[PDB]
Amino acid sequence: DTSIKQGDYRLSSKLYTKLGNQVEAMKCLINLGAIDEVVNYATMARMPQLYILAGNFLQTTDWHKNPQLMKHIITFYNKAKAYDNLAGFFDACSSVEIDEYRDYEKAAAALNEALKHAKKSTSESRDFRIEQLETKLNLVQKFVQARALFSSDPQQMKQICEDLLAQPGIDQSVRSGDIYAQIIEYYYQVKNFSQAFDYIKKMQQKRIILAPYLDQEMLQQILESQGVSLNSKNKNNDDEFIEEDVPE
Amino acid sequence: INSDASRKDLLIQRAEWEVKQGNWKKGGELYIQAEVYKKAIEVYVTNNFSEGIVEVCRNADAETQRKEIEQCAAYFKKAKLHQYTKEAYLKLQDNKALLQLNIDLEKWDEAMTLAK
Amino acid sequence: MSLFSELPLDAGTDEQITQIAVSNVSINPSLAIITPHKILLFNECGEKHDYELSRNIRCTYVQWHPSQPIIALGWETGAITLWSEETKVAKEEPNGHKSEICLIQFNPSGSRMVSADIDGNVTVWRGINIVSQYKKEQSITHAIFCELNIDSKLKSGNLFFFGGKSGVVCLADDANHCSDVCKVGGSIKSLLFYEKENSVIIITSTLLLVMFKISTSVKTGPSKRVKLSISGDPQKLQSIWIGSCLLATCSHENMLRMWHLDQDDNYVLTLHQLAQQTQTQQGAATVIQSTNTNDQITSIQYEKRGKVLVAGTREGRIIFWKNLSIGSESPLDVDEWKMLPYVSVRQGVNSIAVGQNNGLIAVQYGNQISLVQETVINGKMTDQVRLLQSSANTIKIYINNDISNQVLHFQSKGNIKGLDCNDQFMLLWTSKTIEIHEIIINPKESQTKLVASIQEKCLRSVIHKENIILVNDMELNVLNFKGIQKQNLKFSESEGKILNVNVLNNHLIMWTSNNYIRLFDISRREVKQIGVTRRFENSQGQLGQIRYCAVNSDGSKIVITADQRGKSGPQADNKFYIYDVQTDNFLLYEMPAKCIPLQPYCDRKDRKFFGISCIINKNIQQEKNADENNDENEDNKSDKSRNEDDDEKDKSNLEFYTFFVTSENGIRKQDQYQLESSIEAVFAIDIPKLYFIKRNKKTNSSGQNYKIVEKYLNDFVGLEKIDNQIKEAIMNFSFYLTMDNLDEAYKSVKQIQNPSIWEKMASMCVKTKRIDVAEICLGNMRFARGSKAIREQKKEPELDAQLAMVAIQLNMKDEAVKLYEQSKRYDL
Amino acid sequence: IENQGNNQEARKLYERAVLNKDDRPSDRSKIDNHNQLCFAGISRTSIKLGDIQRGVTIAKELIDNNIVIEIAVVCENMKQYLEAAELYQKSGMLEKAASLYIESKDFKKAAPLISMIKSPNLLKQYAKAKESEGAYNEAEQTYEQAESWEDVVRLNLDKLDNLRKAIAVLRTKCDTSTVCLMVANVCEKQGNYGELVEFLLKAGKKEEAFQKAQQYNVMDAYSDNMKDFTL
């Protein structure tokens, strides 16, 4: 306890381990900020609570770029049977994938895994969690459908994209910026600059920045087709966003 | 909070795609906004730019960003920035950092006065 | 390490040559020669075939089957012909095409083929039967079969991509589904496929390298447009794929550009190395023109089987590069590449053609033609018999006579492909015939007489007792000296194609392309297959692709060094395998990543003792050192001055390791040996001696000589005095000490005892880091001085100081210095 | 005297030394070190001479771990396996003790060892010991859990005939053609042959499956799946 107060987490953790108080040792090692010894003592201790603690600690860290970290998280949640925790981990993985890689098929697979593990859970809110997952999954799958339809059908583009955009709270599952960007890109492919610029405007009034979802060269060609400077329009849009934030 | 967070996040994202094409100083100054300390310190480590670190620490809040100034002073000490370390420690007023600097500087009279 | 044999060939035709092609069938290569009127066929010897394929209809294109001797031909009228030379059958389609053939290309499998004409018609065929037809605008220059990473049901080998001067590229299959990727435009010089990212690499006349990513239903713009800094002719620019991801480009210029995709690093090979070769060769009465190393290279070609890159200058020179990078991944810099001695040409070379048959090269300059072949240094070891294939015809024979080793120089009629011996007769096999000779050993002189010669074709011949097993890719038969066929054995097609063999005592092993391992016994008068076929497959999954295999004396233990092929990733695998016939399992030994195993060597007599050759992977260690040194390391003073550069002249990246193998504990490391740059390769391993091949750089001839070097083991140096029964006790003690079986080692040592044996025992104890047994050995020495030193030095908590004391007592100075440095002790 | 091989003299020499050093109680450190050495000597010589009980006991009360490990090595080398195994267990290193327990007829105490440690080679050797004993279901499960499931399906063929469990096994073990024909064998003894059709479709061995199905009139499912591979 004195070492904990003074910050000597290693000595306190070793003393607790030799005393059999493994949860205090895990807390001290988490406070230390080192991963390998925590994972090792989780593996030898084989306590489900320590498995959950190690899984949460690895979830806090950068599990995305290290496959070993996510492998250990999955193993810990399987050994501890923390089905809700594993479902939440898979949901977070899918959300990160959607946010910063835009790989909706991998996100759909992760949502399917999360739904399966939630269906293996026994919590009181499990069904609620399940339905939430499936709703997101459904929306993702619909967008994935459109992602295939880039080979076959324009009318199905318009119908499915408008249906997905009209759904409230879609950004919680599929970002509407990506949908608008792909609509604009398809319209440029058809070279219908009028409807492309109309959808550009529609994407503008939703107060989301065009740059993350749309290529700059795409936008500048489309705006040159209309015959208006893009810099002035961007400045006006930024000023409008600030003036809309002012009363809020 | 929510509106400020949303706007700051969007502009930091735009900062990321702009620094991908390459803009380090002008972009870094444009996207300071409020509490971008992690991205700013990553930029400064990448560019080895310590003047922005000093600007942040002198503009940092005294009662909430204490550890940030401590680690900035540690970076100054490991980079042989003696005067920046002194001013950061004077803002810190922590005996731990001052004693660490005194022992690392290999002198013993200021060690007298700080130990006393 | 290798030599290049050149054979000029007479064209024998008044008409000027237009095209040349080389067969790729692993045995018996064939050369196709296309003139404006006549079509000629040449064999491996370079003589005109009695049968001729020349026809009144003009030949405009020719192509070789990737795995079959069947040739594909296209006329000026668009008709196609499929002709088998082995059976001499021609199958010609009248309605092949309505326009002259521009290019023919085969898929890797050999089933489906794509043919194109100038009018833009592209037909995909199955064998000789038309499958699908496409009408595309403008002539398509090239079309390569593509293998996109698609689901199994959607995966098919019919998919291919084609490019042309219209700059239109589309995905097409045999089912007439043409997905027009199209895009870009202009004259696309070359198109290449990349498997990992399913990417398309485009080189055009616009001096722009285009890096497309293509999906079945997703089309995207180029990932990166690379600008090329080339002073040569853009039209003449050609690029070839080297290794996993390397790209080698030459545009009729003195500079050779190499691009690595993993880190996208570019580096240039110059011809100043040709100046170095001229300097090293203009040391005698040799007529060589002035060093004009600014010449341009007409053509560049690469061969995977030999890992050899060949470039041809327009002044009449041919330059060779060897890929020293272990593994199938591409080299990262110039240092990995090695530069081989060049071969001069009378006139400027025009065309270079490559066939995967000993790396066969067809070189055309003007109207003259020549053949180039590679001869790797090979060495055979039997009792009192050493055979060295120094050149194509020169053979060095070494006879172990106790008074003095006897050296004989034998000159053959021509080139020899393979050598073998069985301590009684020697057997050579070349492209022409097979010969058996008997060597008569006398103190005055050793004479060799030709026993017989049989004219038969086979891949590998193994002599034993009085019969020879002849093995070809799919079969193996037995022959006698007269030449009768007692029996033959076949192999199934699904197992693949046999790659290579190894033989020791009365047990022979071979491995095929599909990682299948077969074991045979020749102790019986007729060879017999032992056990059953075993795939290199573990219950968890495939362990990798076989690279090198070896078998111990009794055949119970098999050493394997394989490559896991981590899908454009880690450089093969540095952990090797040992297989036991009894347990039918592949135990895996892990060895530090700083080294990569290269080729195993099994002891002739001992079942447990064996050795492994290792290549030190410099690049990864350098990267790790650079990464680690940049962390709180600033201005380190003293004891650091040029300790890493001048020592690399004689020290190469070749190392040797010794191991004991047992079914109980598996693998244990015994000793390590450092190989100098003079040593070229490991010849053989023996209990008292180790044999190596050493280059004679001091030789003033064009071809440097090669000698056999005999070295003593670390536990046998110094003991120069009658080795008859000592080796058994030494090996038993070494094995027991590696096992740490102290009582057995003591009871084995008791029966002999000898002061030289005692000091050797102390040396093993020092090297194995055991002190009490070392004290017992020194006590048995009855050396009072060392014992007094030990008793004085026993008052030290550090055992490293005591070990250094023992080492300096037995006169090991640098080991003592290393131990002192390791113990952080300087006062002692 | 243990180097010369004279085992009997070691007993009396060590006993005399032990009595002499026990007579003197002063400076107990060197006396205790000498006692440990002499106890190790009598233990090893008694094991070599067949005096198992006294040797194993005097190995038991002694505390120095590496000496006990060496004595266990000697006694397992000579003839005595199980006693070496308990000495290994009491010396702090137990993996070889578990290996010897599964080597010997002590599976009852080896079961907890299999329970905590997850050594796959130990599991394979334990399953081999079980199949040598004759327990088909226990070795079946042991092969299931480690990785060795290729013999699981053939043992199901021989006596178990557990088709649903085998199907579950292939769906958790990444079935290949070698087991895809094991399951052809398992479905041969059903009389319906449809599951055989789907299994051989998953196999890729789609030539003899074709003729077998058309000999049994199941073209519906097999043709439905096969209309995309060859024509």
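None of the figures in this text is laboratory data; all of them are computed from the coordinates on show. So basically every Cβ, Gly included, is an ideal-geometry build from the backbone, and we count neighbours across all protein chains shown.
Beyond 20 Å between alpha-carbons counts as too far, so tell me which of A:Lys202/A:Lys233; C:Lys380/C:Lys417; A:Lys71/A:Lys142; A:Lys142/C:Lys153; C:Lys769/D:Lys48; C:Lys769/C:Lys818 fall in that bin.
In this structure, A:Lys71/A:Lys142; A:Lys142/C:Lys153; C:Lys769/D:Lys48 exceed 20 Å between Cα atoms.
Helix C:784-793 versus the longest principal axis of chain C: what is the Cα-based angle in degrees, 0 to 90, to the nearest 10?
80 degrees
What is the set of long-range amide H partners of C:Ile498 at a cut-off below 5 Å, with H atoms built 1.01 Å from backbone N?
So C:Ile498 has HN proximity to C:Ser513.
Let me check against my output: what whole-number percent is the relative contact order of the stretch C:205-276, with C-alpha pairs under 8 Å and at least 6 apart?
Relative contact order here is 18 percent.
Of the residues A:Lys119, A:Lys27, A:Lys18, which exhibits the maximal mean-square fluctuation in a Gaussian network model of chain A defined by a 10 Å Cα contact cut-off?
In the Gaussian network model the winner is A:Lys18.
Please check: in the Gaussian network model of chain A (C-alpha springs, under 10 Å), which one of A:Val39, A:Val190, A:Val174 has the largest mean-square fluctuation.
A:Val190
Which of these, B:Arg58, B:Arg66, B:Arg14, has the largest mean-square fluctuation under a Gaussian network model of chain B (Cα springs below 10 Å)?
Per the Cα network of chain B with a 10 Å cutoff, B:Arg14 tops the list.
Please state the shape class of the stretch A:97-176: rounded when a/c is under 1.5, otherwise prolate if a/b exceeds b/c and oblate if not, all from the C-alpha gyration tensor.
It comes out prolate by the Cα gyration axes.
What value, in deg cm²/dmol to 500, does the helix sum -39500 (n - 2.57) over DSSP H runs of n ≥ 4 give at 222 nm once divided by the residues of chain D?
It lands at -22000 deg cm²/dmol.
With the cut-off at 28 Å, tell me which of the pairs B:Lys39/B:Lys91; C:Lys605/C:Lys707; C:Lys449/C:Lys557 have Cα atoms farther apart than that.
C:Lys449/C:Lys557
List the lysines whose alpha-carbon lies under 25 Å from that of D:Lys130, not counting same-chain residues fewer than 8 positions away?
Qualifying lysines at Cα under 25 Å: D:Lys79, D:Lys96, D:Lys105, D:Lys108, D:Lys109, D:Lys118, D:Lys159, D:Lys165, D:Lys173.
By a straight-distance test (C-alpha under 12 Å), which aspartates and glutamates pair with C:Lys98 as possible cross-link partners, with residues fewer than eight away in the same chain excluded?
Straight-distance partners of C:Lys98: C:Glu76, C:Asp117, C:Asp119.
Before rounding to the nearest 500, sum -39500 (n - 2.57) across all DSSP H runs of length at least 4 in chain C and divide by the residue total; then give [θ] at 222 nm in deg cm²/dmol.
-3500 deg cm²/dmol
Rounded to the nearest 20 Debye, what is the dipole magnitude of the stretch C:663-767 about its Cα centre when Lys and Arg each give +1 and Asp and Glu each give -1 at the C-beta?
Taking the Cα centre of the stretch C:663-767 as origin, the dipole is about 520 debye.
Give the distance, in whole Å, between the Cα centre of the stretch D:1-69 and the Cα centre of the stretch C:160-227.
82 Å
Mind checking the dipole of the protein assembly as shown: about its Cα centre, +1 per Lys or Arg Cβ, -1 per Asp or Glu Cβ, Debye to the nearest 20?
Dipole size: approximately 2720 debye.
Near the amide H of C:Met339, under 5 Å away, which other amide H atoms are found, from residues 5 or more places off or on another chain, if H is placed in the peptide plane?
C:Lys322
Classify the stretch C:561-720 from the C-alpha gyration tensor, please: rounded if a/c falls under 1.5, else prolate or oblate depending on whether a/b exceeds b/c.
oblate
Pairs of alpha-carbon atoms within less than 8 angstrom and 6+ residues apart define the contacts here; what relative contact order does the stretch A:37-98 have, in percent?
About 32 percent, as a whole number.
Roughly how many Å is it from the Cα centre of the stretch C:390-449 to that of the stretch D:159-231, as a whole number?
59 Å
Could you give the angle, 0 to 90 degrees to the nearest 10, between helix C:755-768's Cα long axis and the longest principal axis of the Cα atoms of chain C?
Its long axis makes an angle of about 60 degrees.
For C:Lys649, which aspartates and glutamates qualify as cross-link partners when the Cα separation must be under 16 Å and same-chain residues fewer than eight apart are set aside?
By straight Cα distance, C:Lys649 reaches C:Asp335, C:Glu336, C:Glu676, C:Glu680.
Out of residues 5 or more away from C:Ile242 or on other chains, whose amide H comes under 5 Å of its own, with H placed 1.01 Å from N in the peptide plane?
C:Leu247, C:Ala248
If you add up the charges near A:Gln195, with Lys and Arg at +1 and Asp and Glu at -1, over every other residue whose beta carbon is less than 13 angstrom from its beta carbon, what do you get?
+1
Chain C: longest stretch without exposed chymotrypsin sites (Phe, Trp or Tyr not before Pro) (DSSP loop, at most 11 other Cβ within 10 Å), sites themselves excluded?
The longest such stretch corresponds to C:52-825.
Relative contact order, percent, of chain A when contacts are C-alpha pairs under 8 Å separated by at least 6 residues?
9 percent.
Whole-Hz ³J(HN,Hα) for each residue in the stretch A:215-231, computed from phi via Karplus 6.51 cos²θ - 1.76 cosθ + 1.60 with θ = phi - 60°, x for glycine and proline: what do you get?
5, 5, 5, 3, 5, 5, 5, 4, 6, 5, 4, 6, x, 8, 5, 6, 5
Residues of D:14-22, mean number of Cβ from any other protein chain within 10 Å of their own Cβ, rounded to a whole number?
Partner-chain Cβ atoms within 10 Å, mean over residues of D:14-22: 0.
Can you bin the stretch A:126-248 into rounded, prolate or oblate? Criterion: square roots of the alpha carbon gyration tensor eigenvalues sorted a ≥ b ≥ c, rounded for a/c under 1.5, prolate for a/b above b/c, oblate for the rest.
Judged from the Cα gyration tensor, the stretch A:126-248 comes out oblate (a/c at least 1.5, b/c at or above a/b).
Do the sum for chain A: with -39,500 (n - 2.57) for every DSSP H run of n ≥ 4, divided by all residues, what is the mean residue ellipticity at 222 nm, to the nearest 500 deg cm²/dmol?
-24500 deg cm²/dmol
Please work out the C-alpha center-to-center distance from the stretch B:14-70 to the stretch B:75-114 and express it in whole Å.
24 Å
So what's the net charge close to A:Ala146: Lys and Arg +1, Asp and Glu -1, counting the other residues with Cβ under 14 Å from its Cβ?
That sum, taken over residues with Cβ under 14 Å, equals -1.
About the Cα centre of chain C, how large is the charge dipole given +1 on each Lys and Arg Cβ and -1 on each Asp and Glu Cβ? Please answer in debye to the nearest 20.
980 debye
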